[PDB]
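Undergrad:
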Amino acid sequence: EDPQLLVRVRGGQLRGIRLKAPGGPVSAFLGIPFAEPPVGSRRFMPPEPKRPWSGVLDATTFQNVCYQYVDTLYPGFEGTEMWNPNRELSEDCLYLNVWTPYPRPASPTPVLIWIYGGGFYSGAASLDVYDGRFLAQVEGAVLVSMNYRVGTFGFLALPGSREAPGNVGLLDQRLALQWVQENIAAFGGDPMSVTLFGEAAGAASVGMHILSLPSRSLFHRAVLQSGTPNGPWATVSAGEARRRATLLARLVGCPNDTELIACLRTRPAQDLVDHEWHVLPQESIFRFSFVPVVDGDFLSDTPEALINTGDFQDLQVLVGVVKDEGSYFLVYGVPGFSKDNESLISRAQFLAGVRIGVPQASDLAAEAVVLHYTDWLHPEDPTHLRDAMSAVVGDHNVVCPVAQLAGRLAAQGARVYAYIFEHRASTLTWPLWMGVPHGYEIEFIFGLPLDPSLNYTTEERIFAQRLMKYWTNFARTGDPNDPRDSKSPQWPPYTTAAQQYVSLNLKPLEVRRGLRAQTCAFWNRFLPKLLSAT
Amino acid sequence: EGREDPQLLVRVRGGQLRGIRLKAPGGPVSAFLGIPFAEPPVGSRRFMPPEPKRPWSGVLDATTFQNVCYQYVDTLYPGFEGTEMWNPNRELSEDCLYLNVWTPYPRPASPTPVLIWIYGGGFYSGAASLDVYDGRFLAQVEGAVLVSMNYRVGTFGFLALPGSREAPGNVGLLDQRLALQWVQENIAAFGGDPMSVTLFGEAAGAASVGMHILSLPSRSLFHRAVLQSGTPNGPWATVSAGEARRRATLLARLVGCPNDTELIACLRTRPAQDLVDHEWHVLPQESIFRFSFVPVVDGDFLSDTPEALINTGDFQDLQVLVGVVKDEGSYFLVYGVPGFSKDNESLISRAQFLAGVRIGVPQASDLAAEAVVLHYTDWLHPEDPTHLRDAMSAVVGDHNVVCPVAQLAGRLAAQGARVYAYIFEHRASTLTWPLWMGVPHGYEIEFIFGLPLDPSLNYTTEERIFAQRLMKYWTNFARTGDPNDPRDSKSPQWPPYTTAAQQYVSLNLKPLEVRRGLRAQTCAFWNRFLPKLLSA
Ligand SMILES: CCCC(=O)SCC[N+](C)(C)C
Ligand SMILES: CCCC(=O)SCC[N+](C)(C)C
Numbered sequence: 004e005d006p007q008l009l010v011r012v013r014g015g016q017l018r019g020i021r022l023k024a025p026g027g028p029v030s031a032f033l034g035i036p037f038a039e040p041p042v043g044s045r046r047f048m049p050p051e052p053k054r055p056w057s058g059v060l061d062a063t064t065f066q067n068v069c070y071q072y073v074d075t076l077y078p079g080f081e082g083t084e085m086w087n088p089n090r091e092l093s094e095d096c097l098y099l100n101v102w103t104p105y106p107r108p109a110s111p112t113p114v115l116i117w118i119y120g121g122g123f124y125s126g127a128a129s130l131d132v133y134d135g136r137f138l139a140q141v142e143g144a145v146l147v148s149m150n151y152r153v154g155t156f157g158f159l160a161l162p163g164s165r166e167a168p169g170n171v172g173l174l175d176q177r178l179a180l181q182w183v184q185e186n187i188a189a190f191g192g193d194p195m196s197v198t199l200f201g202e203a204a205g206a207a208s209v210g211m212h213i214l215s216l217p218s219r220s221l222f223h224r225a226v227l228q229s230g231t232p233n234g235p236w237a238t239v240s241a242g243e244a245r246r247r248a249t250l251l252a253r254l255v256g257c258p265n266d267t268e269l270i271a272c273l274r275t276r277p278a279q280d281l282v283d284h285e286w287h288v289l290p291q292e293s294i295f296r297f298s299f300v301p302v303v304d305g306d307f308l309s310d311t312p313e314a315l316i317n318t319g320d321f322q323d324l325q326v327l328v329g330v331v332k333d334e335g336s337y338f339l340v341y342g343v344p345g346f347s348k349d350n351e352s353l354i355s356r357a358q359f360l361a362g363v364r365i366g367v368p369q370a371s372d373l374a375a376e377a378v379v380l381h382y383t384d385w386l387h388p389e390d391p392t393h394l395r396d397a398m399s400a401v402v403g404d405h406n407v408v409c410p411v412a413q414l415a416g417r418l419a420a421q422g423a424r425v426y427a428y429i430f431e432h433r434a435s436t437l438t439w440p441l442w443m444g445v446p447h448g449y450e451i452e453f454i455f456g457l458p459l460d461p462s463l464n465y466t467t468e469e470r471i472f473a474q475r476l477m478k479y480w481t482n483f484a485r486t487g488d489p490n491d492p493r494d495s496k497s498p499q500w501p502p503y504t505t506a507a508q509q510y511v512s513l514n515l516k517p518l519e520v521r522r523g524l525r526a527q528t529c530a531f532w533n534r535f536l537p538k539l540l541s542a543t
Numbered sequence: 001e002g003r004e005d006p007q008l009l010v011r012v013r014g015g016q017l018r019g020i021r022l023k024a025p026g027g028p029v030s031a032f033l034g035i036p037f038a039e040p041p042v043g044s045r046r047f048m049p050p051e052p053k054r055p056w057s058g059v060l061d062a063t064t065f066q067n068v069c070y071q072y073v074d075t076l077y078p079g080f081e082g083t084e085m086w087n088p089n090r091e092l093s094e095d096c097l098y099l100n101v102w103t104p105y106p107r108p109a110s111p112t113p114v115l116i117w118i119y120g121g122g123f124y125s126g127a128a129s130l131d132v133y134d135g136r137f138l139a140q141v142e143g144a145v146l147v148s149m150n151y152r153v154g155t156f157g158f159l160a161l162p163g164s165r166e167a168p169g170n171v172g173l174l175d176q177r178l179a180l181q182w183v184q185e186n187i188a189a190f191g192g193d194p195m196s197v198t199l200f201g202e203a204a205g206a207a208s209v210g211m212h213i214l215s216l217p218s219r220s221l222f223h224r225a226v227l228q229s230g231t232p233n234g235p236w237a238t239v240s241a242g243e244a245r246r247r248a249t250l251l252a253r254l255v256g257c258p265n266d267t268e269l270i271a272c273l274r275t276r277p278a279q280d281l282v283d284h285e286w287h288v289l290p291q292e293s294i295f296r297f298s299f300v301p302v303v304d305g306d307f308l309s310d311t312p313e314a315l316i317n318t319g320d321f322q323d324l325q326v327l328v329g330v331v332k333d334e335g336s337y338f339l340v341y342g343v344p345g346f347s348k349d350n351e352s353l354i355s356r357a358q359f360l361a362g363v364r365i366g367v368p369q370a371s372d373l374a375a376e377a378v379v380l381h382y383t384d385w386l387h388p389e390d391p392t393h394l395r396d397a398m399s400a401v402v403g404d405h406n407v408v409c410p411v412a413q414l415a416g417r418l419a420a421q422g423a424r425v426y427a428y429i430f431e432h433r434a435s436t437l438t439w440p441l442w443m444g445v446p447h448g449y450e451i452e453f454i455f456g457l458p459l460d461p462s463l464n465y466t467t468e469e470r471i472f473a474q475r476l477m478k479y480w481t482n483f484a485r486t487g488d489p490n491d492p493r494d495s496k497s498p499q500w501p502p503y504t505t506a507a508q509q510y511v512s513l514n515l516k517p518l519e520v521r522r523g524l525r526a527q528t529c530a531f532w533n534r535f536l537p538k539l540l541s542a
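Going down the list, the protein sequences come from chains B and A. Just so we're aligned: the first sequence equals residues 4 to 258, 265 to 543 in PDB author numbering. Just so we're aligned: the second sequence equals residues 1 to 258, 265 to 542 in PDB author numbering.
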């Protein structure tokens, strides 16, 4: 028995496993329960803290993935399967993972907490791209990641009901956060320095914790990668959640909220997932059925209302986008688009893809979108039409929501740093036309290219090392700049006036001004006026 | 008594004329100024279509310019060259229907291509007698026969009670058409070729050219057309029958005239100056680049809207040259936008910008106006007074001239025409307008007419070489339907404008440069989106 691999936490003893990382050993503690399994009558309910255990709990292995839809668009294809569940599916999934340096850090170390994405309908802390070993070994970080409930199980709401109050997947995340405060010191973590970070739905989750008071006493800094609490996909109204939950209940034969929810509890997990996608009001892409709900509790108003009116003066935020946020999503519903060809579309196909990409758009607003993204020098060129369709989806769903958030936080006294991620991995299996798709910066931030067996280039290892530094420098200090290394250019803070951000690629940092400024004025200032008059 | 210059005595349908031998840098030219082409439209003939001039006896002296048509005279900056050069330079009178002819001296032996000029001035002003419209240089250097006519403006030209007999509308256009008929019958007496006639005009002159293209009885009177900074389509060049009736009866009320016969009869008893004094009071909004009395869609001269006629016409047999200057709008800003002046740099605020947009785009609802503002803001420096000043100029420029031109070039090209497109980018060294105004509306004209060739005018040597170039493009086009010099292969070519390639050339001191797309992105907003936005 290795004594470095034994830890006493409040609920009892744990045994971890020593992992090798290219530069040396790390301690992993995998599959630690942080809550009572949310099963049977506990389905749809706020999580309860895990009861203590006797003896030494085996924490050498990943636990089950929360029950979720499994992707079947391209069976066997690495570019999709890499996001699919890599352990067994179970409703019993409230577990977290901790990586630390080996030996256990002598003094308290900044803690990074990862929250995965998956549109609130999927994800798992156990995926290869979320491997905490590299950041633990190189930067000396304590990395934590949790499972949280997705789809119906995490976000089905009958607002105002005691038995399905909404947002329980966020409350799972909150409980893991409280677990870190109570327990991370035992691992050599510093509970007084906790940085949240996430991508996509995970970034929106981080944003929601910023906007929810009881969560604010559990972290100090935040990183939001390609996702925001504001925007078209991240929240629903109470009225709209009620509709979807009762619609899903009709689809599975149920049944007075008590009656309805009691009947939903008798249903096998897969019965619920089977119909999960049949409750959306429109034919759409980048929209998900069960997401955080504006309940007047976890979220006391809309993310929009809360970001305009908040005080973020003692807050540091790192925020950014990848180069081609929307390309990924096009193949999941827009006619004319596939990974197996060049996807050169017609104008007809472009107009029709806009209605699906902006499902809430009226006739007028859609043509405003089309007219705005057309190249009037080459109105019918199939390459521009394809790239523009990709741009429509990325801008509406990520880039412009991100620009809006960055501006509001900076204005409201926060310290903001912004980026665009432009390097496409040499090992990427998606076609070239997709460029740098939603999700493909994660493997670099986590430092995977340092594994020589993964076949990344030498340049990409040096790059991964740069990014791992910006991220942990940010966690340590609230500033991603190397505090003892000189060299201009420095990464400047994002401000509403200058709007400075940096590009992250193989070349040294470049400072740019204005994050799709003209285009986002269309989505953030004009389009709302056009809909609030139809 | 037969001691006068044998080369200055010419006979026309109406009788004998005596012209004058003028001096031009390269040699003498022949000028026949103030030839009457219509009965004077006075008294019971006010508002009425023109009647052909009745023949005179003996030799009519045609050695001086005639009266300028009664009109509003500019008083914004009195004594200032920038405005005075456009002001009337002869007595104002309703007796004003005269044309002018310039020809080589001696008159050419072989039939010579004819250029006809139609002046601008918003349909409320202008005169063929102004220094910038001097035909002597095109006549001497290019051997051209040049003709310019006076036509009625303001109320006298365009006040209309549509449907009536006594004031049918578009009579100023009918003056222009009568002078075109006069050229057909008479120009051969001067050595001109009636079978090669090219119309050309700037601003409202350009729009007039365009209306002659769209009006059937005019089409047989000319062969080629040049439209400078103006178009028959767009927001200012025409009005509906209903709106023209509205403006006419309002004018009547304001001057003491409270059945159309009765109302027109009372209008005809008012002094000319009273009508002018009240002209501007009938505009529906506070505005710039809008004029009270313009061509009307009467179902007669214009069988439908200019917009409809360019969309459905067959233009296979048409050659057209069209273009714009670099800063079409800047001129108009000092005549009504709070914040703007010729005597300072006119740096403005956001508030002043939004306020100016309501004036510059007077027909816009609140939604459309924020569309304009949001589109023209630079969101990296949304409060920079220099950018805001320039965007304001661009808004008015784009909406009134540049995008109507782009629509015109596109529709004619799609409908079979041969179109050549330019942007004129050279600021005259002699300009008295402040630098911020760039190259304003109207300041290519002096170059096309070759004024820099006159040494007493203080233009630079490069400006002479440049004026000579443009005179060649313009007259090659008149001659052949093609601006390019058949000999010169080394010189860069001017390609036709098409829908697929959208090619046009820059006109400056440097050799021709081909650019693609005529404010394509921005003009898509004005021509495609805005209409659809105003339809709700
Ligand atoms: C270049 C156009 C000049 C005018 O609009 S004149 C109008 C001036 N006023 C309204 C005072 C009569
Ligand atoms: C006072 C010099 C400014 C100019 O060059 S005026 C033309 C403005 N703009 C270049 C924006 C069209």
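Just so it is clear, CB atoms sit at the ideal spot from N, CA and C, and this is done for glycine as well.
Can you confirm whether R522(A), when its beta carbon is compared against all beta carbons of chain B, has any partner nearer than 8 Å?
TA: Your numbering for residue 522(A) matches position 516 in the second sequence. So yes, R522(A) belongs to the interface.
Undergrad: Which chain A residues sit within Cβ distance under 8 Å of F535(B)?
TA: As a first step, residue 535(B) must be located in the first sequence, where it is residue number 526. Neighbours of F535(B) on chain A, chain order: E376, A377 and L380.
Undergrad: Distance, Cα to Cα, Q499(B) vs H387(B)?
TA: Within the first sequence, the letter at position 490 stands for residue 499(B). Within the first sequence, the letter at position 378 stands for residue 387(B). One C-alpha to the other measures close to 39 Å.
Undergrad: Compute the minimum distance between the beta carbon of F338(A) and the heavy atoms of ligand 1, and state whether it is under 7 Å.
TA: Walking along the second sequence from the start, residue 338(A) turns up at place 332. Yes, Cβ of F338(A) sits closer than 7 Å to a heavy atom of ligand 1.
Undergrad: Around ligand 2, which residues pass a check of Cβ closer than 5 Å to any of its heavy atoms?
TA: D396(A), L441(A), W442(A) and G444(A)
Undergrad: Going by C-alpha to C-alpha distance, which of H284(A), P232(A), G230(A) and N233(A) sits closest to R253(A)?
TA: For this step, residue 253(A) is matched to residue 253 along the second sequence. The candidate whose alpha carbon is nearest that of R253(A) is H284(A).
Undergrad: Assign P312(B) to one of two classes, buried (16 or more other C-beta atoms within 10 Å of its C-beta) or exposed (fewer than that).
TA: By 1-based counting over the first sequence, the position of residue 312(B) is 303. Its Cβ being crowded by 16 or more others within 10 Å, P312(B) is buried.
Undergrad: Tell whether a beta-carbon distance below 8 Å holds between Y72(A) and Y151(A).
TA: Within the second sequence, numbered from 1, the residue matching residue 72(A) stands at position 72. Within the second sequence, numbered from 1, the residue matching residue 151(A) stands at position 151. Their beta carbons are not under 8 Å apart, which means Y72(A) does not touch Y151(A) by this criterion.
Undergrad: Considering just the uninterrupted stretch of the beta strand (DSSP E) at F156(A), what are its terminal residues?
TA: The residue labelled residue 156(A) in the question sits at position 156 within the second sequence. Run containing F156(A): none in the beta strand (DSSP E); it sits in the alpha helix (DSSP H), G154 to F158.
Undergrad: Checking contacts by CB at 8 Å: is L146(A) closer than that to chain B?
TA: For the purposes of this step, residue 146(A) is taken as residue 146 along the second sequence, with counting starting at 1. Not closer than 8 Å to any Cβ of chain B, the Cβ of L146(A) fails to qualify, so no.
Undergrad: Who are the near neighbours of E81(B) in its chain, counting only those whose CB is closer than 8 Å to its CB and skipping five residues on each side?
TA: Translated into positions along the first sequence, residue 81(B) becomes position 78. If we look at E81(B) and ignore the five residues flanking it on each side, its Cβ neighbours are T438.
Undergrad: Are the region 290-310 of chain B and the region 351-371 of chain B touching, with three or more C-beta to C-beta distances below 8 Å?
TA: yes
Undergrad: Could you name the residues of chain B that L386(A) contacts, counting a contact when the two beta carbons are closer than 8 Å?
TA: Translated into positions along the second sequence, residue 386(A) becomes position 380. Near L386(A) (Cβ distances below 8 Å), the residues of chain B are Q508, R522, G523 and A526.
Undergrad: Going by C-alpha to C-alpha distance, which of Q16(B), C257(B), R276(B) and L178(B) sits closest to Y98(B)?
TA: Numbered from 1 along the first sequence, position 95 holds the residue referred to as residue 98(B). Considering only alpha carbons, the answer is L178(B).
Undergrad: Exposed or buried, what is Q279(A) when buried is set at 16 or more other beta-carbons lying within 10 Å of its beta-carbon?
TA: Position 273 of the second sequence, counted from the first residue, corresponds to residue 279(A). The residue is exposed, with fewer than 16 neighbouring Cβ atoms inside 10 Å.
Undergrad: Report the neighbours of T392(A) on chain B: residues whose CB is nearer than 7 Å to its CB, in chain order.
TA: Along the second sequence, read from residue 1 onward, the residue named residue 392(A) stands at position 386. Those do not exist, as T392(A) stays about 17 Å from chain B at its closest Cβ, beyond 7 Å.
Undergrad: Using the Cα positions of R11(A) and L17(A), report the straight-line distance between them to the nearest angstrom.
TA: To locate residue 11(A), count along the second sequence from 1; it is residue 11. To locate residue 17(A), count along the second sequence from 1; it is residue 17. In a straight line, the C-alpha of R11(A) is about 6 Å away from that of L17(A).
Undergrad: Can you give me the C-alpha to C-alpha distance between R45(B) and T249(B), rounded to a whole angstrom?
TA: Numbered from 1 along the first sequence, position 42 holds the residue referred to as residue 45(B). Numbered from 1 along the first sequence, position 246 holds the residue referred to as residue 249(B). Taking the straight line joining both Cα atoms gives about 19 Å.
Undergrad: Does the contact criterion of 3 or more C-beta pairs under 8 Å hold for the region 138-145 of chain A versus the region 98-114 of chain A?
TA: Yes: the two stretches touch, three or more of their Cβ pairs being nearer than 8 Å.
Undergrad: What residues of chain B sit near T155(A), judged by a beta carbon separation below 7 Å?
TA: On the second sequence, residue 155(A) is found 155 positions in, with the first residue counted as 1. Neighbours of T155(A) on chain B: none; closest Cβ ~40 Å, over 7 Å.
Undergrad: Expressed to the nearest angstrom, what Euclidean distance is found between the alpha-carbon atoms of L324(B) and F535(B)?
TA: Locating residue 324(B) in the first sequence gives position 315, counting from the first residue. Locating residue 535(B) in the first sequence gives position 526, counting from the first residue. Approximately 30 Å between the Cα atoms of the pair.
Undergrad: Verify the contact flag: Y151(A), CB atom, against every heavy atom of ligand 1, threshold strictly below 7 Å.
TA: For this step, residue 151(A) is matched to residue 151 along the second sequence. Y151(A) Cβ: outside cutoff for every heavy atom of ligand 1.
Undergrad: Tell me whether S215(B) is buried or exposed, calling it buried when 16 or more other Cβ atoms sit within 10 Å of its Cβ.
TA: In the first sequence, counting from the first residue as 1, residue 215(B) sits at position 212. It is buried - the Cβ of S215(B) has at least 16 other Cβ atoms within 10 Å.
Undergrad: In its own chain, which residues sit with a C-beta less than 6 Å from the C-beta of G319(B), not counting the 5 before and 5 after it?
TA: Indexing the first sequence from 1 puts residue 319(B) at position 310. Counting only Cβ-Cβ distances below 6 Å, and skipping sequence neighbours, we find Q421.
Undergrad: Identify the continuous alpha helix (DSSP H) that holds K478(B) and give its terminal residues.
TA: As a first step, residue 478(B) is located in the first sequence; it is residue number 469 there, counting from the start. Residues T467 to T486.
Undergrad: With C-beta atoms as the reference, is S399(A) less than 8 Å away from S309(A)?
TA: Residue 399(A) sits at position 393 when you count from the first residue of the second sequence. Residue 309(A) sits at position 303 when you count from the first residue of the second sequence. Against a cut-off of 8 Å, the Cβ pair of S309(A) and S399(A) comes out as no contact.
Undergrad: Distance, Cα to Cα, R296(B) vs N233(B)?
TA: The residue given as residue 296(B) occupies position 287 in the first sequence. The residue given as residue 233(B) occupies position 230 in the first sequence. Distance between the alpha carbons of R296(B) and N233(B) is about 14 Å.
Undergrad: Cβ closer than 9 Å: which chain A residues qualify as neighbours of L414(B)?
TA: Here residue 414(B) corresponds to residue number 405 of the first sequence, with the count starting at 1. What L414(B) touches in chain A: nothing, since even the nearest Cβ is about 16 Å away.
Undergrad: Take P168(A) as the anchor and find which of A244(A), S220(A) and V282(A) has the nearest alpha-carbon.
TA: Within the second sequence, numbered from 1, the residue matching residue 168(A) stands at position 168. Minimum Cα distance to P168(A) is reached at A244(A).
Undergrad: Which residue's Cα is closest to the Cα of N514(A): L463(A), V445(A) and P501(A)?
TA: The residue given as residue 514(A) occupies position 508 in the second sequence. It is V445(A) whose Cα lies nearest to the Cα of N514(A).
Undergrad: Which ranges would you report for the alpha helix (DSSP H) in the region 281-363 of chain A if only whole runs of at least 4 residues count?
TA: Taking 4 residues as the shortest admissible run, the region 281-363 of chain A contains the following complete alpha helix (DSSP H) segments, listed from N- to C-terminal end: 312-318 and 336-339.
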